[PDB]
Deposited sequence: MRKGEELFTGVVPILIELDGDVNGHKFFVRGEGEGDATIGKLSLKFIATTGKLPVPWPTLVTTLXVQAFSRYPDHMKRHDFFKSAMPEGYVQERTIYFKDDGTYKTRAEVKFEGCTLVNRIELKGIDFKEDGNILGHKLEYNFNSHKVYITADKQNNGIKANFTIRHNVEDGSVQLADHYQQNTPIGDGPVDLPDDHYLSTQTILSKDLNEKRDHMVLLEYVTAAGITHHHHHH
């Protein structure tokens, strides 16, 4: 019910970086509007690879609040490196906070030759296994196998995502619009 504020903090790693996301969420319509900012400068990684790691609560995840849940993922990129991520999503003074730690390859990913977009997927829902198709600039696809577990402190989720850019923003950033349904 209603629209809640969202804080997202991603501390990433031979290249250290930090991303802070701020925006609003509306569970009534299942809409996300978020702007992410690279505080440490340009990312040594393409933005679409951080999309999945960067709040399923908007459509268990809701019942987990306000003490919230822990989300851990290991993400294998085909013929490349892998992500390992741990996150804590919970409520802090009427604001939903997602604190994330991820650690990682060869220079599609470090090469920065992906397309700035993100295709829709059905997620098999806690445990989860799914594969994301990233569009590559040449025409090929970069596959990313996700393994996911959840823990509190049988259905599907379809998600649609739009990646855009704030024109009057000079820091490396990502504006994100997302619709997720059950």
(request) Would you flag the ranges of the deposited sequence that the structure leaves without C-alpha positions? (result) 1 to 8, 22 to 23, 65, 71 to 80, 126 to 127, 131 to 132, 151 to 158, 187 to 195, 225 to 234
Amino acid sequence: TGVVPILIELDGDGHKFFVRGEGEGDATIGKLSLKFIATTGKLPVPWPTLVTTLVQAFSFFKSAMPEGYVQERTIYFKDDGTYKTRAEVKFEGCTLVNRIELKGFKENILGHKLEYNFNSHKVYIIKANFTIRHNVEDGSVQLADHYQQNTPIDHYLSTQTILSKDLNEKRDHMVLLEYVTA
From here on, numbers count along this sequence of modelled residues.
(message) If you average the CA temperature factors as listed in the entry, which stretch comes out higher, 140 to 148 or 43 to 51?
(response) 140 to 148
(request) Quick one: say whether 91 to 99 or 68 to 76 has the higher mean Cα B-factor in the deposited entry. (result) 68 to 76
(request) Between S33, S63, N117, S59, let me know which has the highest C-alpha B-factor in the entry? (result) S63
(message) Going by the CA temperature factor in the PDB record, which third of the chain does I125 belong to: lowest, middle or highest?
(response) highest
(message) When the deposited Cα B-factors of this chain's modelled residues are ordered and cut into thirds, is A38 in the lowest, the middle or the highest one?
(response) lowest
(request) Using the B-factors in the PDB entry, rank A27's C-alpha atom against the chain and give the third, lowest, middle or highest. (result) middle
(message) Considering every modelled residue of the chain and its Cα B-factor in the PDB entry, is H15 in the lowest, middle or highest third?
(response) highest
